[PDB]
Amino acid sequence: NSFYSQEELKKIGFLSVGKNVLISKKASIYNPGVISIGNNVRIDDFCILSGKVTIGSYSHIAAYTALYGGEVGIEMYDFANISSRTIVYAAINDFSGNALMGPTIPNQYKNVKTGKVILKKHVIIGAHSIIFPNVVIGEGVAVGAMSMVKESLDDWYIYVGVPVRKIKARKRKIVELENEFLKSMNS
Amino acid sequence: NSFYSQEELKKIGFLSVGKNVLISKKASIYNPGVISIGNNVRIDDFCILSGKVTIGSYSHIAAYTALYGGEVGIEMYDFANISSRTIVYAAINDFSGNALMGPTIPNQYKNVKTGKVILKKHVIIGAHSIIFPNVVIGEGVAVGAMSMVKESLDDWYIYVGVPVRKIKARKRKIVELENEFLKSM
Amino acid sequence: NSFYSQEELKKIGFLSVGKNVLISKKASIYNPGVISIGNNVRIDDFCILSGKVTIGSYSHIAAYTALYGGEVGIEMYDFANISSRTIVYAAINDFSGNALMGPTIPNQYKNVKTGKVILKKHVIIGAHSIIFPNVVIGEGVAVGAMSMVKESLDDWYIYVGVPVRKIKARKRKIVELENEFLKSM
Ligand SMILES: CC(C)(COP(=O)(O)OP(=O)(O)OC[C@H]1O[C@@H](n2cnc3c(N)ncnc32)[C@H](O)[C@@H]1OP(=O)(O)O)[C@@H](O)C(=O)NCCC(=O)NCCS
Ligand SMILES: CC(C)(COP(=O)(O)OP(=O)(O)OC[C@H]1O[C@@H](n2cnc3c(N)ncnc32)[C@H](O)[C@@H]1OP(=O)(O)O)[C@@H](O)C(=O)NCCC(=O)NCCS
Ligand SMILES: CC(C)(COP(=O)(O)OP(=O)(O)OC[C@H]1O[C@@H](n2cnc3c(N)ncnc32)[C@H](O)[C@@H]1OP(=O)(O)O)[C@@H](O)C(=O)NCCC(=O)NCCS
Ligand SMILES: Cc1cn([C@H]2C[C@H](O)[C@@H](COP(=O)(O)OP(=O)(O)O)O2)c(=O)[nH]c1=O
Ligand SMILES: Cc1cn([C@H]2C[C@H](O)[C@@H](COP(=O)(O)OP(=O)(O)O)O2)c(=O)[nH]c1=O
Ligand SMILES: Cc1cn([C@H]2C[C@H](O)[C@@H](COP(=O)(O)OP(=O)(O)O)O2)c(=O)[nH]c1=O
Ligand SMILES: [Cl-]
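Residue numbers (the entry's author numbering), protein chains in the order written: chain C, 2 to 188; chain E, 2 to 186; chain A, 2 to 186.
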């Protein structure tokens with residue numbers, strides 16, 4: 002394995018880091034100062050966390066995943082997971098041609114769309130997917146592999162495609178299993 | 002370039018690693034102990050090889066490619082190649098809502114689907130593709146870029162889309178070139 | 002941030018490299034002697050530039066992006082930007098079954114398709130996209146996320162899909178702004 006030690010970790014300088022947080026040494030963490038991580042979290046190789054990013058507990062950010070929180074930030078609630086090679090954007094430039102583009106160029110010439118991105122509890126994003134700014138992913142939502150998400154998504158559904166369409170209900174058993182797991186944790 | 006010396010290879014300790022095997026120091030190899038590698042194989046920057054993976058000979062695995070063989074294994078026969086940024090999964094979690102998810106939770110609470118992934122000879126996988134567990138990709142199968150493969154695939158066909166659909170037969174002239182090529186050695 | 006200093010850049014040995022140039026140390030650069038960079042370029046972690054590549058000025062190459070310039074080359078012009086996880090190939094292997102495949106194999110048995118690739122001014126390439134060889138992406142072209150490009154694209158259009166299709170005109174307003182920005186300089 003490739004993860005930082007508890008020793009190495011406290012030395013990163015996160016706004017917050019819980020316990021049993023496993024982080025690849027091969028990930029990239031920009032501005033840990035604005036990054037909070039709960040407990041039981043895994044962040045694999047070649048991830049990039051940048052800007053404002055909050056992660057709860059029980060979350061795997063699989064390899065190659067980029068979270069660009071910029072300023073408004075990205076929030077994951079507990080039991081959210083993100084599969085490989087996913088990108089989440091809290092800010093994006095305007096593609097229309099009404100705006101010059103990117104970090105090379107002064108702000109006034111651009112027309113950056115920005116907006117908090119939220120992943121609620123039990124959201125799972127499949128591999129190679131893309132989430133855009135200002136998007137709340139509803140509790141329980143499953144998004145398929147190679148998905149593109151530009152708009153908010155209603156609780157407890159499964160979505161696929163570019164851009165995603167609602168294809169079926171997500172089952173809630175998962176909520177019973179969460180309840181059980183916490184109780185095994187209990188007494 | 003960015004490859005191991007033949008020297009340093011030996012110091013990784015694969016189940017087995019043949020000759021003329023170029024593997025980027027920028028790859029991530031986990032649990033080399035269950036990975037074997039034949040001859041004339043290139044693995045490029047930022048690849049990941051995890052768990053049980055078996056690569057024959059004359060195979061390129063291109064940059065960013067993730068092979069997660071876990072316990073059941075991925076296996077690739079000779080002259081099989083994978084283009085950049087592919088993921089081969091020998092194990093996936095249940096997305097239905099019937100299970101809790103990922104490596105952060107106990108296995109009683111989950112419903113991991115698992116099953117060996119094999120790519121037969123002369124298989125080519127296009128870039129940005131995803132092969133899920135329990136899939137035999139038949140000999141001479143070509144899968145297009147940006148494709149997703151959840152079921153086994155018939156021999157000598159070209160497949161594309163998400164999930165893939167069969168679009169036409171692959172030419173087999175490469176059988177000849179294999180023969181003619183092995184010949185001259 | 003993971004960038005080289007003005008200093009270390011000079012040691013890399015780029016054909017040419019201008020000012021305000023930030024390249025990630027996490028990037029891989031092969032054969033930097035055929036690679037050339039204007040001014041006010043940014044190249045992010047995990048990018049790969051390989052063989053012949055030429056970038057003008059005011060361009061961002063975002064993270065994970067692979068540019069395989071080969072011998073023919075890839076050229077971007079001023080104000081072209083490329084989003085994350087893109088790949089641009091100036092050379093590719095033939096999938097049809099008429100040839101054997103990849104770098105593990107002698108040229109005489111392959112059937113490499115190759116040709117210069119060009120991104121004209123103001124091109125924007127969407128995240129997770131692929132550009133095949135021998136194409137010109139028209140001036141002012143935007144190509145959506147997760148799109149695949151196999152042919153030259155007409156100027157001032159937005160294209161999406163796999164492979165792309167034209168969906169609407171790109172506003173030419175950016176020309177005004179390019180002037181206004183450059184005037185102000
Ligand atoms: C989304 C997913 C869970 C749905 O699978 P399913 O519930 O078994 O449903 P089906 O395969 O029958 O597909 C239903 C429909 O959506 C389409 N579809 C399925 N997955 C799709 C995807 N990823 N993108 C686009 N369309 C998809 C199918 O073509 C089918 O279409 P139709 O009914 O119009 O013919 C699964 O296909 C998937 O993408 N899983 C992602 C796995 C992953 O990323 N894992 C990381 C490892 S833990
Ligand atoms: C698979 C591939 C070879 C097929 O293309 P081809 O044999 O030239 O055939 P065509 O381009 O005429 O395509 C036939 C149909 O498939 C579709 N198609 C082709 N490639 C597709 C892909 N990757 N995904 C979805 N559809 C695809 C076309 O839209 C066309 O559709 P239609 O029948 O509805 O019109 C090619 O497009 C591809 O994906 N190559 C991948 C190369 C790669 O990843 N290289 C790595 C560097 S070596
Ligand atoms: C291409 C893009 C600009 C178009 O957005 P838009 O101008 O708002 O257009 P719409 O969302 O109305 O969609 C227009 C049509 O294109 C389709 N479409 C949009 N984006 C698509 C994509 N990336 N791939 C395939 N189809 C797409 C829509 O389904 C719609 O189809 P219809 O007219 O048949 O219903 C945007 O969808 C996109 O892909 N942006 C990429 C952003 C990125 O990669 N950013 C990097 C960080 S700065
Ligand atoms: C994928 C990955 C694995 N590893 C290590 C830690 C794991 O114990 C081991 C197995 O990899 P992985 O495929 O994540 O296995 P699992 O699904 O069993 O957790 O390899 C890393 O250090 N970094 C990574 O990015
Ligand atoms: C792509 C890549 C190339 N290289 C080096 C070794 C290759 O011989 C050289 C050129 O590779 P590449 O650009 O892929 O060219 P080709 O397709 O002809 O093999 O750069 C690496 O070390 N690591 C890599 O991940
Ligand atoms: C993505 C990325 C960021 N960084 C650093 C430099 C940036 O100033 C910072 C975050 O940049 P970014 O998230 O791209 O946004 P902005 O356009 O607001 O700068 O982190 C790197 O060094 N390499 C990278 O690949
Ligand atoms: Cl990637």
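Note that CB positions come from ideal geometry on N, CA and C, so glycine has one too.
Asked                                                                                                                                                                                : Found
Between which two residues does the beta strand (DSSP E) harbouring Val176 (chain A) extend?                                                                                         : Careful: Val176 (chain A) lies outside any beta strand (DSSP E), inside the alpha helix (DSSP H) at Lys174 to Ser185.
How should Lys169 (chain C) be labelled, buried or exposed, when 16 other C-beta atoms within 10 angstroms of its C-beta is the threshold for buried?                                : exposed
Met102 (chain A) to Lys111 (chain A), Cα distance in whole Å?                                                                                                                        : 6 Å
Does any CB atom of chain A fall closer than 7 Å to the CB of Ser29 (chain C)?                                                                                                       : yes
With DSSP run on the structure shown, which of helix, strand or coil describes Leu10 (chain E)?                                                                                      : helix
Out of C:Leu16, C:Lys26, C:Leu183 and C:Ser17, which one is the CA nearest neighbour of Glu9 (chain C)?                                                                              : C:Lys26
Check each residue of the region 125-138 of chain C: if its Cβ is closer than 8 Å to any Cβ of chain A, include it; give the result in chain order.                                  : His129 and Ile131
Could you tell me whether the region 147-163 of chain E touches the region 130-138 of chain E, using the rule of 3 or more Cβ pairs below 8 Å?                                       : yes
Are there 16 or more other CB atoms within 10 angstroms of the CB of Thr87 (chain A), so buried, or fewer, so exposed?                                                               : buried
Roughly how many whole angstroms lie between the Cα atoms of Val42 (chain C) and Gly141 (chain C)?                                                                                   : 19 Å
Closest by CA to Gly98 (chain C), which one among A:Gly145, A:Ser97 and A:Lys12?                                                                                                     : A:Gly145
With residue 188 (chain E) as the anchor, note down where its beta strand (DSSP E) starts and where it stops.                                                                        : The requested residue 188 (chain E) does not occur in the structure, where chain E is confined to residues 2 to 186.
From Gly74 (chain E) to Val89 (chain E), what does the alpha carbon distance come to, in whole angstroms?                                                                            : 10 Å
For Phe15 (chain A) and chain E, any beta-carbon pair shorter than 7 Å?                                                                                                              : no
Buried or exposed, going by whether 16 or more other CB atoms sit within 10 Å of the CB of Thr66 (chain C)?                                                                          : buried
For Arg166 (chain E), report the span of its beta strand (DSSP E) as first-last.                                                                                                     : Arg166 to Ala170
Give a single yes or no on whether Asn94 (chain E) has its beta carbon closer than 6 Å to a heavy atom of ligand 1.                                                                  : yes
Using a threshold of 6 Å, is the CB atom of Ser84 (chain E) nearer than that to any non-hydrogen atom of ligand 2?                                                                   : yes
Any idea if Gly57 (chain E) is buried or exposed, counting beta-carbon neighbours within 10 angstroms, 16 or more meaning buried?                                                    : buried
Name the residues in the region 136-168 of chain E whose C-beta lies less than 8 Å from a C-beta of chain C; which are they?                                                         : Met147, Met149 and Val163
Drop a sphere of 10 angstroms on the beta-carbon of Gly70 (chain C), count the other beta-carbons inside from all chains shown, and report buried for 16 or more, exposed for fewer. : buried
Below 7 Å between beta carbons: does that hold for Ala91 (chain A) and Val118 (chain A)?                                                                                             : yes
Quick test of your reading: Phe15 (chain C) and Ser51 (chain C), contact by CB under 8 Å. State the CB separation rounded to the nearest angstrom.                                   : That belief does not hold up - the Cβ atoms of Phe15 (chain C) and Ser51 (chain C) are roughly 13 Å apart, past 8 Å.
In this structure, what does DSSP give as the bridge partners for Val144 (chain C)?                                                                                                  : C:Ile126 and C:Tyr160
Does ligand 5 have even one heavy atom less than 6 Å from the beta-carbon of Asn2 (chain E)?                                                                                         : yes
From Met186 (chain E) to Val22 (chain E), what does the alpha carbon distance come to, in whole angstroms?                                                                           : 18 Å
Excluding five sequence neighbours on each side, which residues of the same chain lie with their C-beta closer than 8 Å to the C-beta of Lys11 (chain E)?                            : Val18
Whole angstroms are fine: how far does the CA of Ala100 (chain C) sit from the CA of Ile175 (chain A)?                                                                               : 6 Å
Taking only beta-carbon atoms, is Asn41 (chain E) less than 7 Å away from chain A?                                                                                                   : yes
Can you list the residues of chain A that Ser60 (chain E) reaches, using a CB-CB cut of under 9 Å?                                                                                   : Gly103 and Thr105
Should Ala128 (chain C) be counted as a contact of ligand 1 given a C-beta to heavy atom distance under 6 Å?                                                                         : yes
Where does the unbroken beta strand (DSSP E) through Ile62 (chain E) begin, and where does it stop?                                                                                  : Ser60 to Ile62
Using only the alpha-carbon positions, how far apart do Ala28 (chain C) and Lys184 (chain E) sit?                                                                                    : 46 Å
Just to check, is the beta-carbon of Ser60 (chain A) closer than 6 Å to a non-hydrogen atom of ligand 6?                                                                             : no
In this structure, does DSSP put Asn32 (chain E) in helix, strand or coil?                                                                                                           : coil
List, in order along the chain, the chain E residues whose C-beta lies closer than 8 Å to that of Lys172 (chain C)?                                                                  : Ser97, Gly98 and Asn99
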